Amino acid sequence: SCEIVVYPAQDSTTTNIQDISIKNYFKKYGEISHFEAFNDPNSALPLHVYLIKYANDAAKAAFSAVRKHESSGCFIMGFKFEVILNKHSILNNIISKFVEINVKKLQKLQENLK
């Protein structure tokens, strides 16, 4: 009831926000037992998708994390992320996702070579 997954609010992104910045921001909720940032295995780009596991109110950290923000959504260096509970495997699901965003950017560079 306890890990959080953060990933970009909008399919394409330009940032080079770095882990630290994100980890901190989430620190404001809970002592962070564990924090992972994820890369596309295929191209190595950062995906800007993190698994943060908290701390009980590990769980309440977690949920507030998901929750504090829908007033405005969650911004971190004025870059907008989504944050959700890592329940039912969505972590790998968000990763997969973004791999395929990149597979698709790659697919359209590929015809750029036409």
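The first residue of the sequence shown is number 1, and the count goes up from there.
The entry shows an unbroken chain from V66 to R67, with no unmodelled residues of the deposited sequence in between. Between 9-17 and 92-100, the higher mean Cα B-factor belongs to 9-17. In this entry, 67-75 has the higher mean Cα B-factor, the comparison being between 67-75 and 43-51. Per-chain ranking of the deposited C-alpha B factor places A62 in the middle third.
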